[PDB]
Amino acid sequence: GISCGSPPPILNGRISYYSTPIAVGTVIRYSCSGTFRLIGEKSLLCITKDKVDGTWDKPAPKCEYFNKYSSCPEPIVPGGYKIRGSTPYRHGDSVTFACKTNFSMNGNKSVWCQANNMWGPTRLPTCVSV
């Protein structure tokens, strides 16, 4: 059937144990080692946009070594509100967003508190009028 390449490796982490070929629709998760934090979406699945070769649907998260003193500011998206996501934001924590009635979302809907007290690994999402 339609089949994906290898998943990105993750430095200082682990990946689920699969065995090739990788069929379309296969999930794998990423985790980080004992004292590292996962930054970015943890699940990745093999999907097909062109309906001919499979490809993974988002980038690999990467592990950041846990900084105990790290904290990010309260993150705000003009035109959306924070759904899941509980303050205080220490290292590794995430937040998700939804746009308000009459707004489309353009960007990845979740961000992580990076050890450098800014939110990554993407830009904050953008909400746009109709």
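Counting begins at 1, following the sequence as shown.
- With 64-72 and 22-30 compared on mean CA B-factor from the PDB entry, the stretch scoring higher is 64-72.
- Per the PDB record, of the two stretches 85-93 and 52-60, 85-93 carries the greater mean B-factor over its C-alpha atoms.
- For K100, the recorded CA temperature factor ranks within the highest third of the chain's modelled residues.
- Sorting the modelled residues of the chain by their CA temperature factor places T126 in the middle third.
- Compared with the other modelled residues of the chain, the Cα B-factor recorded for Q114 ranks in the middle third.
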